[PDB]
Amino acid sequence: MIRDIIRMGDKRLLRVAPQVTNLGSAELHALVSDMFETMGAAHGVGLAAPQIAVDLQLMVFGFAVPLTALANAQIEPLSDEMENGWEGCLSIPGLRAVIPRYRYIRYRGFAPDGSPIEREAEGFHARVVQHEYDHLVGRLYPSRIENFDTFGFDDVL
Ligand SMILES: O=C(NO)N[C@@H](Cc1ccccc1)C(=O)O
């Protein structure tokens, strides 16, 4: 079931999401399935649950980046090195900006079946995760733009 992605301006993208407590359940497996499908129909590499108006610590992502579904995520930077790179947002369609993120992270959480997940990530993999994590804490990419020359429409830049 493809879901409606909500757009910037909606208060539901501004909340801080509660934890998932139904790992292994059929309801959650259904929601994850929906999320991968919705992510695919919109052509994303990442999608957080608040983007489809579900208030939960849950994200999907993957392109190389492993196709992953991740609940109750925590992220730890592994150095102070930041890197710049392009981002967009299915909730801000048409736009893109350059955004500084940590080059090296570790993330931890659970697969939908209850299995623990813990990985080190770098570059693009690491960026997609930082970006979706931001959704879980009510934060969007414009608030991290440093150089506003880079903010523009995809077809123009
Ligand atoms: O809406 C989302 N993520 O929340 N979508 C982004 C994910 C992303 C993150 C960082 C760099 C590029 C892309 C997208 O256009 O696929």
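Residues numbered from 1 in each chain as written, not as in the entry; some residues may be left out. Heavy atoms only, no water. Residues with missing side-chain atoms left out of burial classes, pairs and counts.

Deposited coordinates in this entry are attributed by the record to X-ray crystallography, at a stated resolution of 2.4100 Å.

As a further point, take helix 1 (residues 26–41). Here helix 1 contains 16 residues, and its C-alpha end-to-end distance of 22 Å stays within 8% of the 22 Å for a straight helix at 1.5 Å per residue. All of the buried residues along helix 1 are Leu-28, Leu-31, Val-32, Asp-34, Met-35, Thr-38 and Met-39. End-on view of helix 1: buried residues confined to an arc of 160°, all on one side of the axis. In the core, the buried residues of helix 1 are packed alongside strand 1 (46–48), strand 2 (58–61) and strand 3 (68–77). One side-chain oxygen at the N-terminal end of helix 1 lies 3.3 Å from the backbone nitrogen of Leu-28; it belongs to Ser-25. In the segment just after helix 1, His-43 is the residue with positive phi, at about 70°. (Helix = DSSP H or I, 4+ residues; strand = E, 2+ residues; numbered from the N terminus. Expected span 1.5 Å × (residues − 1). Buried < 20%, exposed > 50% of the residue type's maximum accessible area, 1.4 Å probe, protein only. Arc of directions from axis to C-beta. Contact = heavy atoms within 4.5 Å. Polar contact = N/O pair within 3.5 Å; in protein donor to acceptor, adjacent residues only side chain to side chain.)

Now for the side chain of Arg-101. Among the structural elements, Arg-101 can be located in strand 5 (residues 95–102). There is a polar contact of 2.7 Å between the side chain of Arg-101 and the side chain of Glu-87. One polar contact links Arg-101 to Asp-134, side chain to side chain, over a distance of 2.6 Å. Discounting residues that sit within four places of it in the chain, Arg-101 has contacts with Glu-81, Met-82, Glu-83, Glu-87, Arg-127, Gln-130, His-131, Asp-134, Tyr-141 and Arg-144.

The next thing to look at is the pattern of salt bridges. Working definition: two side chains of opposite charge can pair if their charged atoms are close together. Here the structure, examined in full by the defined rule, presents 11 salt bridges. The salt bridge involving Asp-34 is made with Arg-3; its shortest N-O contact spans 3.0 Å. Taken together, the residues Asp-34 in helix 1 and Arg-3 in the segment before helix 1 connect sequence positions 31 residues apart. Residues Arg-106 and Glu-120 are paired through a salt bridge, measuring 2.9 Å at the closest nitrogen-oxygen approach. With a gap of 14 residues between them, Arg-106 in strand 6 (residues 104–110) and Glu-120 in strand 7 (residues 116–122) connect regions that are remote in the sequence. A relative accessible area of 46% places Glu-120 in the partly exposed class. (Salt bridge = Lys/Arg side-chain N within 4 Å of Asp/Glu carboxyl O.)

Another point: the UniProt feature "active site" (unreviewed entry) in the chain. UniProt's entry tags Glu-132 with the feature "active site" (unreviewed entry), counted in the numbering of this structure. Its place among the elements puts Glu-132 in helix 2 (residues 123–136). Residue class for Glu-132 comes out buried when judged on its relative accessible area of 3%. Excluding its chain neighbours within four sequence positions, the residues that come into contact with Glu-132 are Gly-46, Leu-47, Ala-48, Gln-51 and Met-59. There is a polar contact of 3.2 Å between the side chain of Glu-132 and the backbone nitrogen of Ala-48. (UniProt positions renumbered as here; feature names shortened; annotations may be inferred.)

We now examine helix 2. With 14 residues, helix 2 ought to run about 20 Å at 1.5 Å a step, and its terminal C-alpha atoms sit 20 Å apart, in line with that. Counting buried positions over the 14 residues of helix 2 gives 11, a clear majority of the element. When we look at burial in helix 2, the residues that qualify are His-125, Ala-126, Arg-127, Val-128, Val-129, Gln-130, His-131, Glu-132, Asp-134, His-135 and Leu-136. Positive backbone phi, at 75°, marks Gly-138, one or two positions downstream of helix 2.

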